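Here's the letter readout for the chains.
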Amino acid sequence: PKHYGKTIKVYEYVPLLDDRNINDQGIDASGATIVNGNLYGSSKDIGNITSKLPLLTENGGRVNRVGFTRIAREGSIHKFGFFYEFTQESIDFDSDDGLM
Amino acid sequence: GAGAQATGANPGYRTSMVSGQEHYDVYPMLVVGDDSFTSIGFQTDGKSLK
Amino acid sequence: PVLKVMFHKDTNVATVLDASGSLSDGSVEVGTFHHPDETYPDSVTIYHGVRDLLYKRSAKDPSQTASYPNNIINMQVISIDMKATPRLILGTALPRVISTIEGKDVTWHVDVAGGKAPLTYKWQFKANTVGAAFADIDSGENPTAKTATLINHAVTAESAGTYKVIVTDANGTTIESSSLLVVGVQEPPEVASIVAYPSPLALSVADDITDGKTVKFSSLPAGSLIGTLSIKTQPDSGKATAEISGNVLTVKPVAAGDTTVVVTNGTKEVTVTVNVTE
Amino acid sequence: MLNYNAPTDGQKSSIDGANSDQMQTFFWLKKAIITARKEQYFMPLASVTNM
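Structure determination for this PDB entry was carried out by cryo-EM, with a resolution of 3.4 Å recorded in the header.

Structure representation (structure tokens):
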């Protein structure tokens, strides 16, 4: 639409378990704060999955927290043009009618 | 990193760095036969997970 | 940069050339202007500047000035001839934000068109800590810093920051672009088990007693931090003697007998077999 | 004659003063990009036993 500039933007919502998800909401099963909010990234290793599984005790509270992020993308617009010139004598005395 | 240490003679197989030294990976390539296992369901109303 | 314009009355040809340059054709000097305009860089081209300069001068003699009815305002007959160096433009720009994890290589590429050959590239890095300023990347340690493409291997948490590339023309004209790097860090997976490498079995078997064996240890979960290793001397010291310095273990076989050694980091233990042959 | 300049990238339009700036400089589609759920293969194999 007009009167809005030259840019369009959108939001992309990153899933929970990707490595793009970077935040400080994480709390591990021990209850201590940890750097990564997502439990494990896009890692297929069995060791990380086993170590970072969300385990819940019989009487548990404030054990596992997760967080989310979003990403924005943009695009722009441009303008092009060109022209040409002629004289009346050229079209008037030319042998070929209908040159234009 | 479960595999043996990978030197410069690597012909192009995937490696992962463990304790500052590269090591080869291992891949499952699994076969599951009939009636090998079952799922225990607790208050699940006949489904695997609730 | 400042450009200089010369006008030839007879042929109606206007020449745009650098400040230092000069022409002996017989033209006169009309004025000067900045090709990249300070306030409106992408708004006006050379044609508008030349027209604005020519509006001031007189029709009879381009040496002197005149009012409206007596200027040079017909731009259809006037031809513009360009002799100055083409302006420096950024064909390819660095991505604004790059996200990656620890231990992966990242690459930045920039392409610059125009200017006066040759072109020189310099890369700079600003730390993420407060009160930090741009500092040059050591080209000696990283040869790619001089060239257009910059490559970093096995980035860490300290590699996060802002990277800027500076392109310098032969005349000193400078164009630049900036990018930001975000590095995600995870907690160590914790030690599950420890393994022995050359060798899990029999170590190195040498008949000579003076020969010493070399042992290296590792923790299977990738990225796990292994603590300081300690050994437990076990029953047959007469058969062999084991001494550990840091991670590596040195075993000297006094006698030709099989021995087992257990090495621990305080939580996990490794059972390594020692075989000695006379 | 771009007295509009480009409000984004730090340039100022001519009508706007040094202090003020354009209220709106882009368009937002309000339609988000989302990814589908990963598919499962080992789950249909399992047979459930009541506890």
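Chemist: Explain the sheet that holds strand β1 (residues 7-13) of chain A to me, please; I cannot follow it from the model alone.
Modeler: Strand-to-strand pairing in sheets goes through backbone hydrogen bonds, with the strands running parallel or antiparallel. Across the sheet, three strands lie side by side as β2(A)-β1(A)-β1(D); this open sheet has mixed pairing. The open sheet terminates on both sides in strands that have one partner only, identified here as β2 (70-76) of chain A together with β1 (27-28) of chain D. Here two bridges tie β1(A) to β1(D), and the two strands are oriented parallel to one another. Within β1(D), the position partnered with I8(A) by the bridge is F27(D).

Chemist: I would appreciate a short explanation of the interface of chain A and chain D in the present structure.
Modeler: Interfaces are often sized by the amount of accessible area the parts lose when they come together. Contact residues are listed per partner, giving 14 residues for chain A and eleven residues for chain D. Summing both partners gives a buried area of about 1,300 Å² for chain A against chain D, and 64% of it is carried by carbon and sulfur. The interface formed by chain A and chain D contains zero salt bridges. Where chain A touches chain D, the interface holds seven residue pairs in polar contact. Class assignment of the residues belonging to the side of chain A that touches chain D gives a composition of seven nonpolar, three polar and four charged.

Chemist: I'm lost on the nonpolar core in this one. Help?
Modeler: Side chains of a nonpolar character, in soluble globular proteins, are inclined to be buried together. Residue and element names in this part refer to chain C. Counting residues in hydrophobic clusters, the biggest one holds 17 residues, and the most contacted among them are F217, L249 and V263. For this core, the secondary structure elements donating two or more residues are β14 (194-197), β15 (213-219), β18 (248-252), β19 (259-264) and β20 (269-274). The dominant element in this core, judged by the number of residues it contributes, is β20, at three residues. Those residues in contact with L249 that sit more than four places away from it in its chain are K213, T214, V215, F217, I231, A242, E243, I244, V261 and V263. By size, the runner-up hydrophobic cluster in this structure holds 15 residues, among which are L3, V5, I72 and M75.

Calculation criteria
Residues numbered from 1 in each chain as written, not as in the entry; some residues may be left out. Chains lettered and ligands numbered in written order. Part of a larger assembly, values for the part shown. Heavy atoms only, no water. Pairing = 2+ DSSP bridges. Helix = DSSP H or I, 4+ residues; strand = E, 2+ residues; numbered from the N terminus. Contact = heavy atoms within 4.5 Å. Buried area = accessible area lost by both parts, 1.4 Å probe. Salt bridge = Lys/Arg side-chain N within 4 Å of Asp/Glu carboxyl O. Polar contact = N/O pair within 3.5 Å; in protein donor to acceptor, adjacent residues only side chain to side chain. Nonpolar A, V, L, I, M, F, W, Y, C, P; charged D, E, K, R; others polar. Core = buried A, V, L, I, M, F, W, Y, C linked by side-chain atoms within 4.5 Å. Buried < 20%, exposed > 50% of the residue type's maximum accessible area, 1.4 Å probe, protein only.

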